[PDB]
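Working notes, beginning with the structure itself.
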Amino acid sequence: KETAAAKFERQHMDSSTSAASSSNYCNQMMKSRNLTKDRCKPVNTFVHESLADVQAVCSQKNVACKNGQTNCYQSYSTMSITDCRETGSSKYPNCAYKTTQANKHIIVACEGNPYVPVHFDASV
């Protein structure tokens, strides 16, 4: 099993690129990050900032999580991100995604010691 922190990094971190490289980015990344294995994960966001910058968000703006939880944090600054979403013609195991690039505040839930992101809540 995965730690919550490592799962966040696998699902959401892509510091190797400043932004999605092509319209095929999501198709490639959802596969290689093992998010089409048992099912097509329907929605997933990748962040193109350093891990340090993303972890730092846990010391930024404390806000409520969508589910009412109080351990969510919004980045003070906007970050380069990619939203990946299943589109029509997507049927497991043939997963197909729409790639949408953006520059937005991210909102994450944080836990543990060290206090690090464990769930991607939303972008604004």
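Ordering of the structure tokens sets the chain letters (A, B, ...); residue numbers start at 1 within each chain; ligands are numbered from 1 in the order shown.
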
Enumerate the residues of region 15-64 of chain A with a DSSP assignment of strand (DSSP E or B), computed from the backbone, and present them as a count of residues only. 8

So that I can see what lies close to region 47-57 of chain A, please list as a short mmCIF file (atom, residue, chain, number, x, y, z; two decimals) with C-alpha atoms, in the first residue's frame the residues with an atom at most 7 Å from it, counting only C-alpha atoms and leaving out residues fewer than 5 positions away in the same chain.
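Below you can see result_4.cif, which holds the result:
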data_model
loop_
_atom_site.label_atom_id
_atom_site.label_comp_id
_atom_site.auth_asym_id
_atom_site.auth_seq_id
_atom_site.Cartn_x
_atom_site.Cartn_y
_atom_site.Cartn_z
CA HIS A 12 -0.72 15.13 -8.87
CA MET A 13 2.94 16.14 -9.25
CA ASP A 14 4.57 16.83 -12.60
CA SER A 15 7.57 19.11 -12.15
CA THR A 17 7.35 20.19 -17.54
CA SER A 18 6.27 23.85 -17.27
CA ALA A 19 2.83 22.97 -18.67
CA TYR A 73 -4.97 25.17 2.11
CA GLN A 74 -5.08 27.50 -0.91
CA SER A 75 -1.86 28.60 -2.59
CA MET A 79 0.30 27.66 -10.26
CA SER A 80 0.70 26.04 -13.68
CA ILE A 81 -1.66 23.04 -13.77
CA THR A 82 -3.28 20.52 -16.09
CA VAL A 116 2.35 17.56 3.48
CA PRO A 117 -0.38 17.43 0.82
#

Residue list (alpha helix (DSSP H), DSSP) for region 27-115 of chain A, as JSON, numbers by chain: {"A": [27, 28, 29, 30, 31, 32, 51, 52, 53, 54, 55]}

With only C-alpha atoms as the atoms that count, which of A:35, A:107, A:58, A:102 lies nearest to residue 7 (chain A)?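 Of A:35, A:107, A:58, A:102, the one nearest residue 7 (chain A) is A:35, counting only C-alpha atoms.
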
Taking only C-alpha atoms into account, which of A:5, A:96, A:68, A:30 comes nearest residue 113 (chain A)?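 Among the listed residues, A:5 lies closest to residue 113 (chain A).
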
Have a look at CA of residue 22 (chain A) and CA of residue 103 (chain A) and let me know their distance in Å, one decimal.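 Separating CA of residue 22 (chain A) from CA of residue 103 (chain A) is a distance of 16.1 Å.
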
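One distance worth recording is that between CA of residue 40 (chain A) and CA of residue 23 (chain A), which is 17.8 Å.
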
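Counting only C-alpha atoms, the residue from A:27, A:45, A:21, A:70 that sits nearest to residue 9 (chain A) is A:45.
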
Using only C-alpha atoms, which of A:37, A:10, A:108, A:3 sits nearest residue 63 (chain A)?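 That would be A:108, the residue with the smallest distance to residue 63 (chain A).
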
Who sits within 9 Å of residue 41 (chain A), only C-alpha atoms, same chain under 2 positions skipped, as a PyMOL selection string: chain A and resi 30+35-39+43-44+85-86+95

Please dump the current selection as a PDB file, in the first residue's frame; keep N, CA, C and O atoms.
ATOM      1  N   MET A  30      -2.147   9.841 -17.422  1.00  0.00           N
ATOM      2  CA  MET A  30      -3.107   9.093 -16.622  1.00  0.00           C
ATOM      3  C   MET A  30      -2.710   7.628 -16.641  1.00  0.00           C
ATOM      4  O   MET A  30      -2.880   6.895 -15.647  1.00  0.00           O
ATOM      5  N   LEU A  35      -3.293   5.401 -13.227  1.00  0.00           N
ATOM      6  CA  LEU A  35      -4.626   5.864 -12.867  1.00  0.00           C
ATOM      7  C   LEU A  35      -5.682   5.342 -13.843  1.00  0.00           C
ATOM      8  O   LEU A  35      -6.847   5.736 -13.785  1.00  0.00           O
ATOM      9  N   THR A  36      -5.283   4.452 -14.743  1.00  0.00           N
ATOM     10  CA  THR A  36      -6.266   3.770 -15.584  1.00  0.00           C
ATOM     11  C   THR A  36      -6.186   2.258 -15.405  1.00  0.00           C
ATOM     12  O   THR A  36      -6.625   1.500 -16.264  1.00  0.00           O
ATOM     13  N   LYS A  37      -5.627   1.832 -14.277  1.00  0.00           N
ATOM     14  CA  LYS A  37      -5.352   0.422 -14.039  1.00  0.00           C
ATOM     15  C   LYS A  37      -6.628  -0.361 -13.764  1.00  0.00           C
ATOM     16  O   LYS A  37      -6.993  -1.242 -14.527  1.00  0.00           O
ATOM     17  N   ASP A  38      -7.318  -0.033 -12.684  1.00  0.00           N
ATOM     18  CA  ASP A  38      -8.517  -0.772 -12.323  1.00  0.00           C
ATOM     19  C   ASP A  38      -9.762  -0.123 -12.903  1.00  0.00           C
ATOM     20  O   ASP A  38     -10.824  -0.739 -12.972  1.00  0.00           O
ATOM     21  N   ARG A  39      -9.617   1.124 -13.332  1.00  0.00           N
ATOM     22  CA  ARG A  39     -10.732   1.902 -13.844  1.00  0.00           C
ATOM     23  C   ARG A  39     -10.156   3.166 -14.444  1.00  0.00           C
ATOM     24  O   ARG A  39      -8.997   3.502 -14.192  1.00  0.00           O
ATOM     25  N   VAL A  43     -11.470  12.221 -13.151  1.00  0.00           N
ATOM     26  CA  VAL A  43     -10.923  13.571 -13.101  1.00  0.00           C
ATOM     27  C   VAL A  43      -9.630  13.551 -12.317  1.00  0.00           C
ATOM     28  O   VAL A  43      -9.537  12.885 -11.295  1.00  0.00           O
ATOM     29  N   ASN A  44      -8.629  14.269 -12.804  1.00  0.00           N
ATOM     30  CA  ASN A  44      -7.359  14.354 -12.098  1.00  0.00           C
ATOM     31  C   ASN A  44      -6.542  15.544 -12.565  1.00  0.00           C
ATOM     32  O   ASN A  44      -6.466  15.827 -13.764  1.00  0.00           O
ATOM     33  N   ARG A  85      -9.640  15.095 -17.722  1.00  0.00           N
ATOM     34  CA  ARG A  85     -11.026  14.651 -17.547  1.00  0.00           C
ATOM     35  C   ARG A  85     -11.413  13.667 -18.634  1.00  0.00           C
ATOM     36  O   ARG A  85     -11.094  13.878 -19.803  1.00  0.00           O
ATOM     37  N   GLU A  86     -12.100  12.598 -18.249  1.00  0.00           N
ATOM     38  CA  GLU A  86     -12.614  11.637 -19.228  1.00  0.00           C
ATOM     39  C   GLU A  86     -13.568  12.308 -20.200  1.00  0.00           C
ATOM     40  O   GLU A  86     -14.422  13.079 -19.776  1.00  0.00           O
ATOM     41  N   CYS A  95      -9.277   4.166 -21.795  1.00  0.00           N
ATOM     42  CA  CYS A  95      -9.506   5.460 -21.163  1.00  0.00           C
ATOM     43  C   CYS A  95      -9.052   6.616 -22.045  1.00  0.00           C
ATOM     44  O   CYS A  95      -7.937   6.609 -22.567  1.00  0.00           O
TER      45      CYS A  95
END

Pick from A:101, A:71, A:24, A:94, whichever lies nearest to residue 120 (chain A) using only C-alpha atoms: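 The closest residue to residue 120 (chain A) is A:71.
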
Between A:92, A:115, A:46, A:76, which is the closest to residue 26 (chain A) once you count only C-alpha atoms?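 Checking each of A:92, A:115, A:46, A:76 against residue 26 (chain A), counting only C-alpha atoms, the winner is A:46.
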
Which distance in Å separates CA of residue 29 (chain A) and CA of residue 83 (chain A), to one decimal?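 One can read the CA of residue 29 (chain A) to CA of residue 83 (chain A) distance as 11.2 Å.
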
Surrounding residues of residue 25 (chain A) excluding itself and chain neighbours under 5 positions, 9 Å, only C-alpha atoms, as a PDB file with N, CA, C and O atoms, in the first residue's frame:
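New file selection.pdb:
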ATOM      1  N   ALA A  20       1.352  21.323 -19.727  1.00  0.00           N
ATOM      2  CA  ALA A  20       1.033  20.177 -20.585  1.00  0.00           C
ATOM      3  C   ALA A  20       1.696  20.363 -21.952  1.00  0.00           C
ATOM      4  O   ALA A  20       1.658  21.454 -22.521  1.00  0.00           O
ATOM      5  N   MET A  30      -2.147   9.841 -17.422  1.00  0.00           N
ATOM      6  CA  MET A  30      -3.107   9.093 -16.622  1.00  0.00           C
ATOM      7  C   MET A  30      -2.710   7.628 -16.641  1.00  0.00           C
ATOM      8  O   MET A  30      -2.880   6.895 -15.647  1.00  0.00           O
ATOM      9  N   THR A  82      -2.530  21.162 -15.016  1.00  0.00           N
ATOM     10  CA  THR A  82      -3.280  20.520 -16.085  1.00  0.00           C
ATOM     11  C   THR A  82      -4.494  19.739 -15.551  1.00  0.00           C
ATOM     12  O   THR A  82      -4.376  18.866 -14.690  1.00  0.00           O
ATOM     13  N   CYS A  84      -7.145  16.949 -16.165  1.00  0.00           N
ATOM     14  CA  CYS A  84      -7.414  15.785 -17.014  1.00  0.00           C
ATOM     15  C   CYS A  84      -8.814  15.276 -16.692  1.00  0.00           C
ATOM     16  O   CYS A  84      -9.147  15.078 -15.523  1.00  0.00           O
ATOM     17  N   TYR A  97      -8.898  10.971 -22.300  1.00  0.00           N
ATOM     18  CA  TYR A  97      -8.970  12.176 -21.485  1.00  0.00           C
ATOM     19  C   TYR A  97      -8.858  13.463 -22.296  1.00  0.00           C
ATOM     20  O   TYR A  97      -8.147  13.533 -23.301  1.00  0.00           O
ATOM     21  N   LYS A  98      -9.583  14.482 -21.842  1.00  0.00           N
ATOM     22  CA  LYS A  98      -9.389  15.858 -22.289  1.00  0.00           C
ATOM     23  C   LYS A  98      -8.290  16.559 -21.462  1.00  0.00           C
ATOM     24  O   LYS A  98      -8.292  16.505 -20.228  1.00  0.00           O
ATOM     25  N   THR A  99      -7.352  17.205 -22.146  1.00  0.00           N
ATOM     26  CA  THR A  99      -6.285  17.956 -21.494  1.00  0.00           C
ATOM     27  C   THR A  99      -6.628  19.450 -21.498  1.00  0.00           C
ATOM     28  O   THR A  99      -6.796  20.053 -22.556  1.00  0.00           O
TER      29      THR A  99
END

Residues within 8 Å of residue 119 (chain A), only C-alpha atoms, excluding chain neighbours under 6 positions, as a list in words: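 So, after excluding close chain neighbours, the residues are residues 4, 8, 108, 109 and 110 of chain A.
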